[PDB]
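1. missing the sequence, but the structure's below:
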């Protein structure tokens, strides 16, 4: 039911590094170690984003369809 906006590119990268920086930063939270990612992502090589993006896209795409399929439903009336 009502899908939940999958990855957006950054999302991947985030995951990949969070536990690593945090590994060195057991003084941060998934709000600050994450904050860092938030920035680094823009500061990556926009060549290295490409992979994450293709994934994020595929994922949100799925959503947009199943969401549109769960948003534009209960209209035929509807069995």
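-> Looks like it came in fine. Numbers count the residues shown, from 1 in each chain.

2. mind listing the helices for this structure?
-> Counting by DSSP state H, one finds helices in the chain at the ranges 10-24, 33-40, 49-71.

3. mind putting those into CSV with distance to residue 2?
-> C-beta coordinates here come from the backbone N, C-alpha and C atoms, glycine included. As requested, the helices of the chain are exported to CSV (distance: least, Cβ to Cβ, whole Å):
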stretch, distance to residue 2
helix 10-24, 19
helix 33-40, 25
helix 49-71, 6
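
4. with mean neighbour count and distance to residue 1 added, can I get those helices in JSON lines?
-> Conversion of those to JSON lines gives the following (neighbours: other Cβ atoms under 10 Å; distance: least, Cβ to Cβ, whole Å):
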{"stretch": "helix 10-24", "mean neighbour count": "15", "distance to residue 1": "22"}
{"stretch": "helix 33-40", "mean neighbour count": "15", "distance to residue 1": "28"}
{"stretch": "helix 49-71", "mean neighbour count": "14", "distance to residue 1": "6"}
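
5. and of these, who's closest to residue 3?
-> With Cβ to Cβ as the criterion, residue 3 lies closest to helix 49-71 of those, at 4.1 Å.

6. so the closest one versus helix 10-24, what angle?
-> If you take axes from the mean of the first three to the mean of the last three Cα atoms, to 10 degrees, helix 49-71 sits at 120 degrees to helix 10-24.

7. and helix 49-71, how far from the chain's centre?
-> Helix 49-71 sits 10 Å away from the centroid of its parent chain (Cα atoms, centre = their mean, to the nearest Å).
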